[PDB]
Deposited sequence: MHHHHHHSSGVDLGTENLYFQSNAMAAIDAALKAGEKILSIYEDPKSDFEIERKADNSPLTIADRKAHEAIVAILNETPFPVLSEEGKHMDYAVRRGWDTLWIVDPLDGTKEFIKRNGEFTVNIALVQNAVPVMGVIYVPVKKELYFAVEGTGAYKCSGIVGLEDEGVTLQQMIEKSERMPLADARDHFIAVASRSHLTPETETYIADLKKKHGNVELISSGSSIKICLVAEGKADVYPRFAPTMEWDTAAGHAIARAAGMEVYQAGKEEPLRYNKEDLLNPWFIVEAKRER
């Protein structure tokens, strides 16, 4: 409004702050990645959550976090809310494969309208605001001490999708064990498309790859939680893509009674 842009900035600020907390643990030679209350993962997720809510609690909108303490009855009346996963990609983190993410979405009337994904190891930030665009900012660790604004972030970032035409079809999969349902769909894609390539990336980067134009489709026929898709879904939408409920024409919906997502497919917005 006069306020939406400031909320977007808050999400970016929060994601970077969380990123710092996570990376400090990830990079610490004293961290014991063989460890639970005192596991590196548990501590990082908690510190990330704390960094994020320190900012988001100040905003006018309530917070639904993966690391937060609540009943559906409480949140069912929240028309606008933050949906957050402070640290997605458990295996990426604990096995030190490096493609874990911070995920912050603003959801309004069950639709993700702003999203931020930060990839702390890679210092890659994706963000989007419905009606403005989706953007990628590479090489960012934190904000300057002075002068930083959303308008400046947008100016300095790359609008998505990023232009590079290719004549071949690309699908993206997890680096973890794929479900037989996902593998079956991919097998069918491989039969349908003569010039097919598969690529893989951690966490919600898979949604980002479609938004970037680096992949045509990200099918996930596996259980995931709202907080792991919401941010990427906002980003996808602002890039001309969509995150469909697999087998339906309807996008994934949010702030549901059950926070599990159904199967989804990220692809270009249909006709």
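Several segments of the deposited sequence are absent from the coordinates, namely 1 to 16, 52 to 54, 89, 292.
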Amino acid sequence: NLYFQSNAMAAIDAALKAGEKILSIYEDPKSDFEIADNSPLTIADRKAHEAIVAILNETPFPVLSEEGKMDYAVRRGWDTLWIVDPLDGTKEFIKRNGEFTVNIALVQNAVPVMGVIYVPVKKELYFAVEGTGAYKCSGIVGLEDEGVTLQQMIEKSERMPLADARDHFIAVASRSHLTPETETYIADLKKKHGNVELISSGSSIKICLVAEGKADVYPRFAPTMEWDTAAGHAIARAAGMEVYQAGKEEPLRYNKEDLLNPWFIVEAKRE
From here on, numbers count along this sequence of modelled residues.
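As the entry records it, the average C-alpha temperature factor is higher for 22 to 30, out of 48 to 56 and 22 to 30. The question of which stretch, 154 to 162 or 180 to 188, has the higher mean Cα B factor is settled in favour of 154 to 162. Which of 110, 87, 73, 117 has the largest Cα B-factor in the deposited entry comes down to 73.
Ranked within its chain, residue 82 lands in the lowest third, by CA B factor from the PDB record.
Sort the chain's modelled residues by C-alpha temperature factor and residue 95 lands in the middle third, per the entry. Among the modelled residues of the chain, residue 232 sits in the lowest third by CA temperature factor in this PDB entry. Remark: residue 13 belongs to the lowest third of its chain, ranked by C-alpha B-factor as recorded. Residue-level temperature factors show residue 197 in the lowest third of its chain, judged at the C-alpha atom.
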